[PDB]
Amino acid sequence: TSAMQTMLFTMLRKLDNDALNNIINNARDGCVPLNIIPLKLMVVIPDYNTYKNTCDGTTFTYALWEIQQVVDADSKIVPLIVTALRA
Amino acid sequence: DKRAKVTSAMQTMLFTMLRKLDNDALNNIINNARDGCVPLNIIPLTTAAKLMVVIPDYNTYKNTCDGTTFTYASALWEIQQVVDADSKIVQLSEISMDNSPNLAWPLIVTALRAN
Amino acid sequence: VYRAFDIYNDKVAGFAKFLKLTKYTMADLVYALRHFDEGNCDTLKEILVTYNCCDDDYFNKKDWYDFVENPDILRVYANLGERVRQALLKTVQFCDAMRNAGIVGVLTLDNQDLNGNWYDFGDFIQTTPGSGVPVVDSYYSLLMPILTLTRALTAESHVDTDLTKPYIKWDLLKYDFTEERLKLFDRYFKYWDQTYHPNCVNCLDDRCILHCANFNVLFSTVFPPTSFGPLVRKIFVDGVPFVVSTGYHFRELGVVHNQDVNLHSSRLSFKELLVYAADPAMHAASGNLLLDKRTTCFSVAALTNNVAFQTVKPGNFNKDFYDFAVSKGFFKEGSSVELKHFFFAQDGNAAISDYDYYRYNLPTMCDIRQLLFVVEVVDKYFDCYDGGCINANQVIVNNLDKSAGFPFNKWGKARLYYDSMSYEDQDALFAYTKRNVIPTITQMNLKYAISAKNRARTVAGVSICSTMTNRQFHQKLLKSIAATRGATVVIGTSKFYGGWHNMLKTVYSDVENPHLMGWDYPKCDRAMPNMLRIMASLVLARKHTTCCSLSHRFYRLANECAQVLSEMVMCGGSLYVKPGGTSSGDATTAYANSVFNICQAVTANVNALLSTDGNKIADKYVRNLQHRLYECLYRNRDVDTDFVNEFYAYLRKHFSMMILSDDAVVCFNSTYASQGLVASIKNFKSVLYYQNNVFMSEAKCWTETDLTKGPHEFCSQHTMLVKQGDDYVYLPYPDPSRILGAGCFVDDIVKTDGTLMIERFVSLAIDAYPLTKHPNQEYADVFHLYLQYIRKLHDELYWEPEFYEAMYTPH
Amino acid sequence: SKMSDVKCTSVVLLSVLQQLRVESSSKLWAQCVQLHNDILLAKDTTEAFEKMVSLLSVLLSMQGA
Ligand SMILES: [Zn+2]
Ligand SMILES: [Zn+2]
């Protein structure tokens with residue numbers, strides 16, 4: 001059952017584009033999104049290290065989406081869920 | 001005993017369609033004909049006691065079944081058990097002009113025949 | 001000025017558009033709707049605009065003319081149907097107005113403006129008043145095609161036939177409408193000097209059957225659609241009542257009554273259980289009323305408390321062969337050989353769109369006299385085979401594991417059903433079908449195979465009794481037809497062994513300036529009308545001369561029409577009504593397609609030879625041929641064998657066809673087609689538009705002026721002229737992109753075991769061996785890759801090339 | 001070799017996605033099949049990779065095994 005995912009991941013690593021490997025590295029570090037990227041993007045920030053490496057103030061480099069929605073994990077404004085649109 | 005197998009299968013199918021079948025209103029609709037010879041397209045139209053409407057989008061829910069009781073086949077029908085496209089039960093208090101994009105289409109409106 | 005004329009004398013025969021109250025006439029309208037050409041169709045535009053059917057900006061829209069893309073062009077045509085009905089009601093207020101005067105003459109189309117009044121009383125002869133007769137055969141014969149293309153009847157069906165009045169509440173329990181049919185006839189077609197029968201049981205020969213079915217369809221396009229369908233009564237067995245069908249009410253053959261009906265029975269044997277389970281009555285009665293708002297057809301849908309949603313899975317990509325191909329340096333940048341054939345997934349909304357594609361289907365009235373002469377010609381085309389009824393010991397049934405239809409599929413496929421019943425039971429069922437109607441319901445599934453386009457393909461599985469009886473009849477007829485070599489229809493001949501070469505040589509025969517041509521029919525199975533399907537079945541039953549009387553053949557035709565043409569389909573978890581168009585379940589639908597194709601071709605030739613003006617024809621033998629063609633079409637009611645033989649010989653000499661179902665190759669004499677005396681392609685376009693209700697776009701019909709390169713494409717194969725040991729022979733080679741696609745994507749039947757994988761690979765290499773001899777090197781490298789891959793597969797467990805060479809040598 | 005590999009990855013990714021029964025949501029599976037069929041019809045080099053990253057976000061937004 002694993003072999004299909006192994007082949008998928010080896011083909012994806014062979015593809016060698018920027019956005020694919022970026023998203024793979026984010027997800028292996030833990031930074032996964034929570035919905036479909038619109039061609040509105042929701043992302044769960046695991047730790048402050050990924051916030052520092054990816055979010056610069058309000059500018060956010062991800063594949064780039066300019067992000068101002070900050071509340072919390074706990075659904076009270078201050079993990080962190082941030083949703084943005086393509087600018 | 002495979003011939004008899006499908007024989008008994010069809011026979012039990014016939015008997016279970018028969019136990020769901022015999023009413024008196026169908027007998028009255030037959031006895032209001034000339035010689036009892038009647039089309040087929042009007043047996044469930046005027047005999048069966050439950051209507052199913054599948055509604056693809058919101059504008060036809062708005063133009064067909066707006067309310068609790070709706071009108072079809074010159075009779076009044078009483079709604080129950082509105083179901084989305086995923087066989088999960090939906091309360092009638094959700095189907096709105098703004099909340100429609102958030103719920104899976106189409107929808108299954110199951111009604112019972114109101115006298 | 002240019003105008004369409006319908007003239008006939010000793011000098012000139014045929015409806016011709018040359019140069020000589022409304023601006024335009026009924027003949028012009030029928031010509032513009034019957035001889036359509038989108039390059040030069042200004043007359044149709046002017047007709048549609050001048051009387052407020054729609055606006056010029058609607059024509060300024062792209063594809064204003066089509067029936068398939070943007071199917072809202074019927075809205076207008078319906079307003080012209082209203083005009084047609086108004087002008088057709090003045091044809092009975094003039095005939096009975098001149099008959100009294102006592103005038104013998106012919107009525108032509110070209111004497112009547114679009115309102116309906118007449119002129120030019122120049123040709124008639126005067127006789128004693130009260131004893132006249134007009135000749136109005138050609139009039140209605142040519143006016144027929146636009147009496148269901150525009151309908152007029154949705155306009156007619158009002159409480160006193162005024163368009164400003166509500167719809168009639170007809171009685172819901174009345175079903176026969178025979179008196180209303182006769183009243184419609186005597187109001188609209190009073191002077192049609194042949195007997196019309198409201199039911200088709202009362203007709204005399206198959207030609208009368210066609211005539212009465214055409215009139216029945218035109219008269220039945222105005223009745224409540226909740227009425228056509230099985231007729232049921234209440235029957236009792238061992239005390240408990242049933243609701244089973246004791247008749248049927250077509251649009252085509254009026255009301256038909258079973259003659260073997262058993263009221264107050266006591267027991268049901270195997271055949272009775274089979275027929276009663278096949279009945280839609282028990283299923284439509286035991287179920288809930290449904291209103292499905294997705295589709296525009298009628299719908300009585302039960303059998304479940306919820307709809308089923310079925311999806312189509314994606315393909316299985318094979319990595320080993322693709323890795324081998326990329327190691328062989330394929331799919332490099334800037335190449336002509338790449339992957340383009342894929343497995344597309346689907347939702348079920350795809351199934352609903354497929355049923356809407358079934359919605360792309362109208363009621364058609366076709367012409368009648370040209371239909372009867374085309375049917376005589378097509379019978380002459382089929383005059384070299386042998387038919388007849390056979391017993392149950394003379395059917396050879398192949399591939400016994402197809403779908404056994406609904407609701408029979410719940411306990412097995414057709415194999416169990418055929419090994420259950422003895423021969424005598426099947427003969428008794430057949431003999432019962434010879435006097436009875438068994439309406440039937442078909443299962444519909446989605447098809448799972450290669451395509452180049454995103455759309456979903458579907459397939460239909462028909463019940464066991466209908467296929468069993470079509471099997472007896474057309475097992476005999478098709479085994480007679482397909483075991484021949486060198487005929488017009490090429491079905492069941494292997495292209496191998498020089499077979500394609502012999503086929504092409506027979507296509508050449510002795511034609512003078514051979515040019516090649518081909519076509520395809522847009523939306524074949526969805527738009528094929530009812531008239532032509534009945535006509536094909538009638539031909540296949542006209543091959544019955546010695547076994548059946550009139551009654552048996554009529555009951556067989558009724559059974560065929562009620563089981564294939566207009567039955568109800570189980571689509572998902574619903575029962576809908578299927579308006580028309582063929583089913584994909586038997587081989588006699590590929591042969592109905594063949595007959596349909598031949599019909600289309602013959603009709604095209606007839607139009608091209610009769611709509612051309614003989615005064616510019618320099619020959620006089622073809623001029624006399626055209627004169628006799630007009631005579632045999634619009635004159636004699638009897639059948640004339642000599643002229644039919646003459647015209648069949650003319651076609652076989654000047655128009656050589658190579659026919660497979662829906663896919664044809666035409667070899668024709670070029671100078672004649674330049675003069676128009678054999679079928680061009682614009683004639684086919686016009687015929688398809690006016691008689692099949694699709695528009696055949698010009699980008700899919702091709703023309704090849706050099707014969708030494710063969711058919712551009714036929715049966716999904718390309719051909720090249722190669723030399724093989726001091727012989728120049730034609731070889732078929734495929735599109736190799738399809739071969740690569742079938743190699744890289746397989747569908748998980750072969751993803752388990754390797755033997756069937758090697759079978760598929762060797763078959764693919766056989767279909768694509770001849771690619772070696774094409775000038776390009778890449779195709780031979782494709783063949784070499786396939787050979788190397790089959791070699792590698794054989795080693796890790798037909799491998800030498802010669803095995804595939806001998807596949808294409810005619811030895 | 002940069003236009004075929006993307007289609008092969010799209011096909012295998014949609015097969016994996018189906019093998020985790022996302023078809024039990026209408027909207028999500030409809031979006032997935034739409035993106036898949038739009039990839040398998042692409043004749044340009046650029047937007048195919050956008051749709052590929054969108055489908056990989058679809059995969060890695062739900063808790064993949
Ligand atoms: Zn008749
Ligand atoms: Zn016979």
# chains A, B, ... in the order shown; residues from 1 in each chain; ligands from 1

call {"tool": "interface_residues", "arguments": {"of": "chain D", "to": "chain A", "cutoff": "8 Å", "atoms": "only C-alpha atoms", "output": "MDAnalysis selection string"}}
result
chainID D and resid 5:6 9 12:13 16 50 53:58 60:62

call {"tool": "write_last_selection", "arguments": {"atoms": "N, CA, C and O atoms", "output": "PDB file, in the first residue's frame"}}
result
ATOM      1  N   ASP D   5       5.802  14.285 -17.938  1.00  0.00           N
ATOM      2  CA  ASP D   5       5.987  13.931 -16.537  1.00  0.00           C
ATOM      3  C   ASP D   5       4.971  14.619 -15.634  1.00  0.00           C
ATOM      4  O   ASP D   5       4.505  14.015 -14.663  1.00  0.00           O
ATOM      5  N   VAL D   6       4.599  15.862 -15.944  1.00  0.00           N
ATOM      6  CA  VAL D   6       3.598  16.550 -15.134  1.00  0.00           C
ATOM      7  C   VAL D   6       2.249  15.844 -15.226  1.00  0.00           C
ATOM      8  O   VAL D   6       1.541  15.695 -14.223  1.00  0.00           O
ATOM      9  N   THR D   9       2.430  12.636 -13.142  1.00  0.00           N
ATOM     10  CA  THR D   9       2.276  12.958 -11.726  1.00  0.00           C
ATOM     11  C   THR D   9       0.836  13.310 -11.382  1.00  0.00           C
ATOM     12  O   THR D   9       0.331  12.902 -10.333  1.00  0.00           O
ATOM     13  N   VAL D  12      -1.157  10.009 -11.210  1.00  0.00           N
ATOM     14  CA  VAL D  12      -0.871   9.195 -10.032  1.00  0.00           C
ATOM     15  C   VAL D  12      -1.366   9.878  -8.759  1.00  0.00           C
ATOM     16  O   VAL D  12      -1.847   9.210  -7.833  1.00  0.00           O
ATOM     17  N   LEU D  13      -1.311  11.212  -8.705  1.00  0.00           N
ATOM     18  CA  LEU D  13      -1.811  11.926  -7.538  1.00  0.00           C
ATOM     19  C   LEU D  13      -3.320  11.790  -7.410  1.00  0.00           C
ATOM     20  O   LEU D  13      -3.835  11.600  -6.303  1.00  0.00           O
ATOM     21  N   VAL D  16      -4.033   8.329  -6.071  1.00  0.00           N
ATOM     22  CA  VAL D  16      -3.818   8.296  -4.623  1.00  0.00           C
ATOM     23  C   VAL D  16      -4.966   8.976  -3.885  1.00  0.00           C
ATOM     24  O   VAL D  16      -5.484   8.451  -2.892  1.00  0.00           O
ATOM     25  N   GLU D  50       1.000  25.356 -11.572  1.00  0.00           N
ATOM     26  CA  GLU D  50       0.078  25.942 -10.602  1.00  0.00           C
ATOM     27  C   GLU D  50      -1.013  24.955 -10.203  1.00  0.00           C
ATOM     28  O   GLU D  50      -1.315  24.790  -9.017  1.00  0.00           O
ATOM     29  N   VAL D  53       0.537  22.239  -7.968  1.00  0.00           N
ATOM     30  CA  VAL D  53       0.731  22.659  -6.582  1.00  0.00           C
ATOM     31  C   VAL D  53      -0.606  22.808  -5.866  1.00  0.00           C
ATOM     32  O   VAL D  53      -0.715  22.515  -4.672  1.00  0.00           O
ATOM     33  N   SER D  54      -1.652  23.233  -6.582  1.00  0.00           N
ATOM     34  CA  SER D  54      -2.969  23.309  -5.956  1.00  0.00           C
ATOM     35  C   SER D  54      -3.488  21.930  -5.574  1.00  0.00           C
ATOM     36  O   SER D  54      -4.051  21.757  -4.487  1.00  0.00           O
ATOM     37  N   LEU D  55      -3.257  20.926  -6.418  1.00  0.00           N
ATOM     38  CA  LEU D  55      -3.711  19.580  -6.086  1.00  0.00           C
ATOM     39  C   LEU D  55      -2.864  18.961  -4.981  1.00  0.00           C
ATOM     40  O   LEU D  55      -3.379  18.210  -4.142  1.00  0.00           O
ATOM     41  N   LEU D  56      -1.571  19.279  -4.939  1.00  0.00           N
ATOM     42  CA  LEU D  56      -0.759  18.817  -3.821  1.00  0.00           C
ATOM     43  C   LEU D  56      -1.141  19.502  -2.515  1.00  0.00           C
ATOM     44  O   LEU D  56      -1.078  18.870  -1.455  1.00  0.00           O
ATOM     45  N   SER D  57      -1.567  20.767  -2.571  1.00  0.00           N
ATOM     46  CA  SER D  57      -2.146  21.407  -1.395  1.00  0.00           C
ATOM     47  C   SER D  57      -3.447  20.735  -0.983  1.00  0.00           C
ATOM     48  O   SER D  57      -3.719  20.596   0.214  1.00  0.00           O
ATOM     49  N   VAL D  58      -4.251  20.303  -1.954  1.00  0.00           N
ATOM     50  CA  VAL D  58      -5.457  19.545  -1.628  1.00  0.00           C
ATOM     51  C   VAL D  58      -5.094  18.255  -0.905  1.00  0.00           C
ATOM     52  O   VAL D  58      -5.753  17.862   0.067  1.00  0.00           O
ATOM     53  N   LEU D  60      -2.238  17.565   0.858  1.00  0.00           N
ATOM     54  CA  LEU D  60      -1.541  17.779   2.118  1.00  0.00           C
ATOM     55  C   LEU D  60      -2.275  18.733   3.053  1.00  0.00           C
ATOM     56  O   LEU D  60      -1.734  19.092   4.103  1.00  0.00           O
ATOM     57  N   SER D  61      -3.491  19.149   2.696  1.00  0.00           N
ATOM     58  CA  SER D  61      -4.347  19.895   3.607  1.00  0.00           C
ATOM     59  C   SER D  61      -5.186  18.983   4.491  1.00  0.00           C
ATOM     60  O   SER D  61      -5.415  19.298   5.665  1.00  0.00           O
ATOM     61  N   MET D  62      -5.646  17.859   3.954  1.00  0.00           N
ATOM     62  CA  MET D  62      -6.175  16.790   4.782  1.00  0.00           C
ATOM     63  C   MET D  62      -5.038  15.890   5.265  1.00  0.00           C
ATOM     64  O   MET D  62      -3.959  15.831   4.671  1.00  0.00           O
TER      65      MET D  62
END

call {"tool": "residues_near_ligand", "arguments": {"ligand": "ligand 1", "cutoff": "10 Å", "atoms": "only C-alpha atoms and all ligand atoms", "output": "PyMOL selection string"}}
result
chain C and resi 194-213+215+253

call {"tool": "interface_residues", "arguments": {"of": "chain C", "to": "chain A", "cutoff": "12 Å", "atoms": "only C-alpha atoms", "output": "list in words"}}
result
residues 316, 317, 318, 319, 320 and 323 of chain C

call {"tool": "interface_residues", "arguments": {"of": "chain B", "to": "chain C", "cutoff": "8 Å", "atoms": "only C-alpha atoms", "output": "ChimeraX atom specification"}}
result
/B:2-3,6-7,10-11,14,17-18,20-21,30,33,36-45,48-56,108

call {"tool": "closest_atom_pairs", "arguments": {"of": "chain C", "to": "ligand 2", "cutoff": "7 Å", "atoms": "only C-alpha atoms and all ligand atoms", "output": "CSV"}}
result
residue,atom,partner,partner_atom_place_in_ligand_line,distance
C:388,CA,ligand 2,1 (Zn),5.1
C:389,CA,ligand 2,1 (Zn),4.5
C:541,CA,ligand 2,1 (Zn),6.9
C:544,CA,ligand 2,1 (Zn),4.9
C:547,CA,ligand 2,1 (Zn),4.8
C:548,CA,ligand 2,1 (Zn),4.8
C:553,CA,ligand 2,1 (Zn),6.8

call {"tool": "write_last_selection", "arguments": {"atoms": "N, CA, C and O atoms", "output": "short mmCIF file (atom, residue, chain, number, x, y, z; two decimals), in the first residue's frame"}}
result
data_model
loop_
_atom_site.label_atom_id
_atom_site.label_comp_id
_atom_site.auth_asym_id
_atom_site.auth_seq_id
_atom_site.Cartn_x
_atom_site.Cartn_y
_atom_site.Cartn_z
N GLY C 388 -34.55 -15.17 -42.92
CA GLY C 388 -35.65 -15.99 -42.48
C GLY C 388 -35.66 -16.27 -40.99
O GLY C 388 -34.66 -16.06 -40.30
N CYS C 389 -36.79 -16.76 -40.49
CA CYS C 389 -36.87 -17.20 -39.10
C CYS C 389 -36.10 -18.49 -38.92
O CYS C 389 -36.04 -19.34 -39.81
N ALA C 541 -37.08 -6.80 -42.16
CA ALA C 541 -38.23 -7.69 -42.18
C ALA C 541 -38.77 -7.94 -43.59
O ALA C 541 -39.43 -8.96 -43.81
N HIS C 544 -38.09 -11.03 -45.13
CA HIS C 544 -38.96 -12.14 -44.77
C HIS C 544 -40.10 -12.20 -45.78
O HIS C 544 -41.03 -11.40 -45.74
N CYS C 547 -41.99 -16.86 -44.44
CA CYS C 547 -42.18 -17.40 -43.10
C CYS C 547 -43.30 -16.73 -42.32
O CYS C 547 -43.91 -17.37 -41.47
N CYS C 548 -43.58 -15.46 -42.60
CA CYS C 548 -44.51 -14.66 -41.80
C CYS C 548 -45.58 -14.06 -42.70
O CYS C 548 -45.30 -13.68 -43.84
N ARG C 553 -45.43 -10.11 -38.90
CA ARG C 553 -44.40 -9.12 -39.17
C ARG C 553 -44.73 -7.78 -38.52
O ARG C 553 -43.84 -7.10 -38.00
#

call {"tool": "atom_distance", "arguments": {"atom1": "atom CA of residue C:473", "atom2": "atom CA of residue C:373"}}
result
24.7 Å

call {"tool": "closest_atom_pairs", "arguments": {"of": "stretch 53-101 of chain B", "to": "stretch 17-28 of chain D", "cutoff": "12 Å", "atoms": "only C-alpha atoms", "output": "tab-separated table"}}
result
residue	atom	partner	partner_atom	distance
B:84	CA	D:26	CA	10.2
B:85	CA	D:26	CA	7.4
B:86	CA	D:25	CA	7.2
B:87	CA	D:24	CA	10.3
B:88	CA	D:25	CA	11.0
B:101	CA	D:27	CA	10.0

call {"tool": "write_last_selection", "arguments": {"atoms": "C-alpha atoms", "output": "compact mmCIF listing (two decimals), in the first residue's frame"}}
result
# COMPACT_ATOMS: atom_id res chain seq x y z
CA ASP B 84 -28.32 16.97 0.95
CA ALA B 85 -26.32 15.26 -1.81
CA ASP B 86 -24.36 13.23 0.78
CA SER B 87 -27.21 11.56 2.71
CA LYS B 88 -26.62 13.77 5.75
CA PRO B 101 -22.76 27.87 -1.60

call {"tool": "closest_residue", "arguments": {"among": "D:8, D:33, D:14, D:3", "to": "residue D:47", "atoms": "only C-alpha atoms"}}
result
D:3

call {"tool": "decode", "arguments": {"residues": "stretch 15-46 of chain D", "atoms": "N, CA and C atoms", "output": "compact mmCIF listing (two decimals), in the first residue's frame"}}
result
# COMPACT_ATOMS: atom_id res chain seq x y z
N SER D 15 -5.08 9.31 -8.53
CA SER D 15 -5.33 7.93 -8.11
C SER D 15 -5.11 7.75 -6.61
N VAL D 16 -4.03 8.33 -6.07
CA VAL D 16 -3.82 8.30 -4.62
C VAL D 16 -4.97 8.98 -3.88
N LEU D 17 -5.37 10.16 -4.35
CA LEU D 17 -6.45 10.89 -3.69
C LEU D 17 -7.74 10.08 -3.66
N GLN D 18 -8.07 9.42 -4.77
CA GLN D 18 -9.24 8.54 -4.79
C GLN D 18 -9.06 7.38 -3.82
N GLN D 19 -7.84 6.85 -3.72
CA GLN D 19 -7.59 5.72 -2.83
C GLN D 19 -7.68 6.09 -1.35
N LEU D 20 -7.83 7.37 -1.03
CA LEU D 20 -8.23 7.79 0.30
C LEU D 20 -9.61 8.44 0.33
N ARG D 21 -10.52 8.03 -0.56
CA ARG D 21 -11.97 8.12 -0.36
C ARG D 21 -12.39 9.56 -0.04
N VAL D 22 -11.79 10.51 -0.75
CA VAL D 22 -12.26 11.89 -0.72
C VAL D 22 -13.55 12.06 -1.52
N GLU D 23 -13.92 11.07 -2.33
CA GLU D 23 -15.18 11.10 -3.06
C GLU D 23 -16.39 11.16 -2.13
N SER D 24 -16.21 10.95 -0.83
CA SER D 24 -17.26 11.15 0.16
C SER D 24 -17.47 12.62 0.52
N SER D 25 -16.98 13.55 -0.30
CA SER D 25 -17.47 14.92 -0.31
C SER D 25 -17.65 15.35 -1.76
N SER D 26 -18.84 15.89 -2.07
CA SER D 26 -19.14 16.27 -3.44
C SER D 26 -18.22 17.39 -3.92
N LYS D 27 -18.15 18.48 -3.16
CA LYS D 27 -17.46 19.68 -3.64
C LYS D 27 -15.97 19.42 -3.82
N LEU D 28 -15.35 18.77 -2.83
CA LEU D 28 -13.90 18.57 -2.87
C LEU D 28 -13.52 17.64 -4.01
N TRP D 29 -14.25 16.53 -4.17
CA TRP D 29 -13.95 15.60 -5.26
C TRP D 29 -14.25 16.21 -6.62
N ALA D 30 -15.28 17.05 -6.72
CA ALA D 30 -15.54 17.75 -7.97
C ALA D 30 -14.39 18.68 -8.33
N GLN D 31 -13.90 19.45 -7.35
CA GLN D 31 -12.74 20.30 -7.60
C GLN D 31 -11.52 19.49 -8.00
N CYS D 32 -11.31 18.34 -7.35
CA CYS D 32 -10.16 17.50 -7.68
C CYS D 32 -10.23 17.01 -9.12
N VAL D 33 -11.39 16.47 -9.52
CA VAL D 33 -11.51 15.95 -10.88
C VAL D 33 -11.46 17.08 -11.91
N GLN D 34 -11.96 18.27 -11.56
CA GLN D 34 -11.84 19.40 -12.48
C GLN D 34 -10.39 19.78 -12.69
N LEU D 35 -9.62 19.88 -11.61
CA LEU D 35 -8.20 20.21 -11.74
C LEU D 35 -7.46 19.12 -12.51
N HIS D 36 -7.79 17.86 -12.27
CA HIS D 36 -7.13 16.76 -12.97
C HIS D 36 -7.39 16.83 -14.47
N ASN D 37 -8.66 17.00 -14.86
CA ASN D 37 -8.99 17.06 -16.28
C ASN D 37 -8.46 18.33 -16.93
N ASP D 38 -8.31 19.42 -16.18
CA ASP D 38 -7.73 20.62 -16.75
C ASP D 38 -6.22 20.49 -16.91
N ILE D 39 -5.57 19.70 -16.05
CA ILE D 39 -4.15 19.40 -16.24
C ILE D 39 -3.96 18.52 -17.46
N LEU D 40 -4.76 17.45 -17.57
CA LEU D 40 -4.59 16.51 -18.67
C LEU D 40 -5.01 17.08 -20.02
N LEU D 41 -5.38 18.36 -20.08
CA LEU D 41 -5.64 19.04 -21.34
C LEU D 41 -4.70 20.21 -21.59
N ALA D 42 -3.72 20.43 -20.71
CA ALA D 42 -2.87 21.60 -20.84
C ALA D 42 -1.92 21.46 -22.02
N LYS D 43 -1.78 22.53 -22.79
CA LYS D 43 -0.79 22.61 -23.85
C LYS D 43 0.25 23.70 -23.61
N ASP D 44 0.26 24.30 -22.42
CA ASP D 44 1.28 25.27 -22.04
C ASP D 44 2.04 24.73 -20.83
N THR D 45 3.20 25.34 -20.58
CA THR D 45 4.14 24.80 -19.60
C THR D 45 3.90 25.35 -18.20
N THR D 46 3.19 26.46 -18.07
CA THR D 46 3.22 27.27 -16.85
C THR D 46 2.10 26.93 -15.88
